[PDB]
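> experimental structure and sequence below, a few questions after.
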Amino acid sequence: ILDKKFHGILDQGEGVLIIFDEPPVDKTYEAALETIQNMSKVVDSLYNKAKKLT
Amino acid sequence: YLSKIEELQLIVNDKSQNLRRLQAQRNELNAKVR
Amino acid sequence: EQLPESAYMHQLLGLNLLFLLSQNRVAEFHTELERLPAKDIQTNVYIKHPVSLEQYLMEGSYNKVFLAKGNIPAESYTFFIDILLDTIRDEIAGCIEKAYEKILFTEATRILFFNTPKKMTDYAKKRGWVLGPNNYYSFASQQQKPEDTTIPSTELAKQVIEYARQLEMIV
Amino acid sequence: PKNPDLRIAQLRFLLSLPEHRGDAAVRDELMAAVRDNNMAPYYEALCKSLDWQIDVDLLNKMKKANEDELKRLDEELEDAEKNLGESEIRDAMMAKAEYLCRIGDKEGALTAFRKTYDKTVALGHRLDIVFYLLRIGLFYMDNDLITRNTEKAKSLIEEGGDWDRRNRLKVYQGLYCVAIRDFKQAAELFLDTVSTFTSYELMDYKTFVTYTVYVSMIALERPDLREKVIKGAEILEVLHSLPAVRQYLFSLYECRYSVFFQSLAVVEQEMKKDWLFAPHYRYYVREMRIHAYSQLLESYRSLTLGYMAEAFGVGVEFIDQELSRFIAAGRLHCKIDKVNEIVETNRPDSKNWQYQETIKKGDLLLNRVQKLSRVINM
Amino acid sequence: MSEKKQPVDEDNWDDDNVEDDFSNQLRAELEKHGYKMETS
Amino acid sequence: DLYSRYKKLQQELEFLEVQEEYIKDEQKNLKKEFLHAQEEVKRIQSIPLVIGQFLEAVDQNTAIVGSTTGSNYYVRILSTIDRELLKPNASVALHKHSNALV
Amino acid sequence: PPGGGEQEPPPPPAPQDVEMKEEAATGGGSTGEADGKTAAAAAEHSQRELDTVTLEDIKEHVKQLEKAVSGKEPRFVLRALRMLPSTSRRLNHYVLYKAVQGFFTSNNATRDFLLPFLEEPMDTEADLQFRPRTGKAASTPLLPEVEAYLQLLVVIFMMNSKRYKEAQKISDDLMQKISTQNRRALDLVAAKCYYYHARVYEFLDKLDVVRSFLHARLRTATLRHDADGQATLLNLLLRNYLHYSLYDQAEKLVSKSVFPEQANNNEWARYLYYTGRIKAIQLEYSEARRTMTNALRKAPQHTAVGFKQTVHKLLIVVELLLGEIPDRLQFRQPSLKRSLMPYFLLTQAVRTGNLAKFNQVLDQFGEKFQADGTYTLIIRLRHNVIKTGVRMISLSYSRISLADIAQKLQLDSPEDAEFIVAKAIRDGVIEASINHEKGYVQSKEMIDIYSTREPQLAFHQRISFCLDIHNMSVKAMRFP
């Protein structure tokens, strides 16, 4: 379990191992790395804002 | 008073003239590009 | 602004506080408390004790409110704290329907009021809570969210027609 | 001459913030201050240290020696414009102006750097000046003047592939990433640990090893962790040197759930009295706690405090309040029971963590663009 | 301009949320470990 | 004069009504004009294309190409071309008679 | 004393130059060019006059001793100015009085000749025609007499200067307001002078007579003219009807004048703030918190300017009264720590489940509450504190005993843990079931009616907001 060789869960009073899996987490990367860069987009536009103001 | 304030709050309505300014420059844009 | 003192000033506002609490005028209840800033807070227990009463009525405390009702050594207040009695009667009769999955009868006798009344007939018949053996029994009800699936689908029809409508605009 | 210059700011941190720790620091601060002819950077600490009873002559003779050393170069400039080399004036007194700036404040920096920067066409001197800016901006913790020429240096780096500046700025941006709460970047920048020259900021390569283990035990879970710090060898020999470094590694990889806070007690009490972790050690502890609790709770679903009391430690109520706060903190989802003595886990925690970070970044970005879009048109 | 009429008068913040978790209870939590290792 | 000065303003109110109605339909019409104008531009290629190579560009909407007829020309360009697709050295279609970038 | 003798000549003339030429050029532009300018509710020199008011809000306040503006008052009031050929010798006199101020010393006539400093607009059958000339020349003299801040024997002459300003209201409401908008120039001048008028009434009793006057002053908009005076007078009506408790607020509800549609981003933003506090006092939170947030981010244009920190203070009162709460010092200032830290300790107390930390802070800083006028938090915030505590512990424990959580949250009794958790269900916080035989509160978990319903509703708000960004962006881009 610890080495991610295996997707299981143990029992002590029952001695039962149970296997379960749900792979896809593409939405997190999919939107988060957009947003992290668009932070830097708007921070680049900060300078143009300060130029038009003063 | 009746023929006094009516002209004033008619001339209040002249923001439509500035809307016509906006749309006139827009028509200028499209006509010149065409 | 001369304002000489009077006889029932410190509890006439308590009378109004009491019945305007018994009308559930909570916005009025908290805009009335403004004209006397520290009189309603630092002192005047027939303002502070009605709003400490309401401080107990904030969350859910039932019989501590009735202890505070069992001690007012001021004048009557009775014609409005009986309205407060009744607005607690239907408060238990409202919050009964929650996870009191079974309750023994005499604790409901303690909290509600009236040991073996015909008010137990009033609650057990006007309400549900089937008068079985020593127990108000809890029935079950469900929602299933079955059909909707469609009010989601048609409210999304509304919302995405709106998204497409605002993206749509052109004039 | 800014190579021994880091221990100065080290002691600036180490003296004033612990109250009782105020004797050895001011001792060897004197032992470093009345030599090297230091004058400017300690007026604040002079108002933090003692009266320094005679400030009259003992420092004015020093700044007079500084004036002699200063205008011998400022009267060497006319002797060096006689034979114009590579502007031998500016090439001589660039590093001696950084000597003067090791004496002085950052004004000598901000004019001498940009002075001698446009002199050279050999970019190695430019790189040395950029190193000088990064170091003195780290000294005054000016975390914004340095991020300019980090990028402006990586432009001067990446005309190809090199040795020097690549590995150097790996160390530099590693220290900047460990300055802020940035840990996976700190591990990725401290990935190398092989060609990291025994330096003045790497005042011990062993301390560099302690830092790169003290962030790699947070950053990744286990999909390179054993391979770098356990299956590796070049790190393994020098972690085999110190006991305490190898201690927590083989503890946490062994899952000795009681010696953890012993190891963490030593590392944390050192972490208190160590710089560039001052807003950091608090979240560090709960980070290690949740990182241990993850690998504990992953294997079992039928577990409780009755398993905690013998394999983890004592104070069942402490386990209770700690896990209560950490679970109710939206972290490590698993549900606990009262006196029936049950700690059950939620077997996937990947439903709302899916939905989570996107709304949590869109909040800040929309809050940005609200105000900043309403900045224009008044 | 903008005289703002006067009759009236990361580095810092995410770990201040976390510090509001850390504030009232267990500030320098390192000794309470060693305090309670012998209590029970 | 206020009878006149009040009655004559109704004319200008009617005028602003008229033009505010009018420029909307003009704006709607000109896009239909614009797309058909775009495609009436597109009669240029159709089957006599000769192949030059891109050499240089002066500025916006002006370039320099040298044909495979050996010589070298100062030509104008169409507003159709996405300007990413050019300016190392590209085989480009020229008109025969006009000899311009297409 | 010789050093002070040569520290006497240089302080007059440079104020006597720029403080002269500001109203010379600016007021000349304003009064002359207000004849044309088809939108002259405020001319561009009237916004420049606003800017010079921002200058002498920090440059000079008093009637200026050392003989500098002390001659500018009998200079700038002594103006008949019947027609432009009768003003050319006065245009020479604008420098000739400076020659008088340079040859000899000036004559500072304070508090005696100020009332015959009001008879010079009568000089040899003078003019009532240019009322923005006389209005601006009744503000810029007479309001720095209030910025002298004397409060001695001349507050009645302050008031009589404002009675001659009521005569300026007479000439404002009678004298030929057809299309010149001298009235609306005097509406911005009226805004200014009603703030300082208001400060005079701050140093004295309640103005209930002048509150009826202020009622009429508000109602005289929207029918005679309708531009921005209704805004300024709306907040100037609000200023004490907030501070006085009674009716006024149902009037703010039934007020069909929330919308003066532009207020130079200052009055409109603070109007949002004032009505945010108004909606906040009647326990309505979500309707109020959005205009609180908008009013904070709407007029931010300083660093720790004061009432910016009053709005930043009051903004998280309602969010202590929500249940969701942000860390407030995200906009902390080095001029702010004093006025944030007890309030920050309050929100520190609220962001845990404890109530014994919370109850001490009332008795601690109830005098601070007496200062801040926010007693209403303490009567009802205990409710939100205990809801946060039970929410936290219900998310913690899958199956809890009431006779443990009650004493963990100092409830002193197990039987009303039934009551508090029963309305944690009735009020809809928690779903958790109870056996009221053993006293255990088991809680379960679910998802996916979350994901079917909850995010899309938020995304609707996000995209409605961003398409409004797009709408406003295009419709403000299209001026060229």
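Sure thing, it's come through. Numbers count the residues shown, from 1 in each chain, chains lettered A, B, ... in the order given.
> the nearest residue to residue G:286 once chain neighbours are set aside: what secondary structure?
In this structure, residue G:286 finds its nearest non-sequential neighbour in residue G:322, 7.8 Å apart by Cβ to Cβ, 6 or more residues apart in numbering or on different chains. Bear in mind the C-beta positions are built from the backbone N, C-alpha and C, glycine included. Classification of residue G:322 by DSSP: H, G, I helix; E, B strand; the rest coil places it in coil.
> tell me the spacing between the residue nearest to residue G:307 when sequence neighbours are not counted and residue G:193.
Nearest non-adjacent residue to residue G:307, counting by Cβ to Cβ, 6+ apart: residue E:8, 3.8 Å away. Separation of residue E:8 from residue G:193 (Cβ to Cβ, to the nearest Å) stands at 19 Å.
> over to residue C:73?
Distance of residue C:73 to residue G:193, computed by Cβ to Cβ: 56 Å.
> quick one, which of these two is more surrounded?
The neighbour count for residue C:73 versus residue G:193, taken as other Cβ atoms under 10 Å in any protein chain shown, is higher for residue G:193 (21 against 6).
> host element of that one?
Counting by DSSP states H and E, the element that carries residue G:193 is helix G:182-202.
> need phi/psi at residue 24.
All of this refers to chain A. phi -80, psi 120 (degrees, to the nearest 10).
> wait, what's in contact with residue D:119?
Counting by Cβ atoms under 8 Å, 6 or more residues apart in numbering or on different chains, residue D:119 touches D:86, D:87, D:90, D:91, D:94, D:125.
> which of those residues count as buried?
For the contacts of residue D:119, a burial check counting by 16 or more other Cβ atoms under 10 Å in any protein chain shown picks out D:90, D:94, D:125.
> and the gap between the last one and residue D:132?
Residue D:125 sits 10 Å away from residue D:132 when distances are taken as Cβ to Cβ.
> can you give me the neighbour number for the residue nearest to residue G:307?
As a measure of burial, residue E:8 has 12 neighbours, counting by other Cβ under 10 Å.
> now it: how far from chain D?
22 Å (Cβ to the nearest Cβ, to the nearest Å).
> that residue and residue G:309 touch, don't they?
No. Counting by Cβ atoms under 8 Å, residue E:8 stays clear of residue G:309, with 9.1 Å between them.
> among the buried ones among the contacts of residue D:119, which one sits closest to chain C?
residue D:125 (55.6 Å; Cβ to the nearest Cβ).
> for that closest one, give its distance to chain E.
Residue D:125 is 33 Å from chain E, by Cβ to the nearest Cβ.
> the longest helix in chain E is where?
If you go by DSSP state H, chain E has its longest helix at helix E:14-22.
> neighbouring contacts of that one?
D:181, D:279, D:280, D:282, D:283, D:286, D:325, D:329, G:327, G:329, G:348, G:351.
> count residues in the vicinity of residue G:431, would you?
13.
> also residue G:404?
18.
> contact partners of the strand or helix carrying residue G:366?
For residue G:366, the host element (DSSP H and E) is helix G:356-372. The contact list for helix G:356-372 (Cβ under 8 Å, 6+ apart) reads C:37-38, C:41, E:24, G:313, G:342, G:345-346, G:349-350, G:375, G:377-378, G:381-382, G:385, G:410.
> filter those down to just the ones in helices.
Per DSSP H, those map to helices at G:313, G:342, G:345, G:346, G:349, G:350, G:377, G:378, G:381, G:382, G:385.
> the fifth one and chain B, how far apart?
Between residue G:349 and chain B the computed distance is 52 Å (Cβ to the nearest Cβ).
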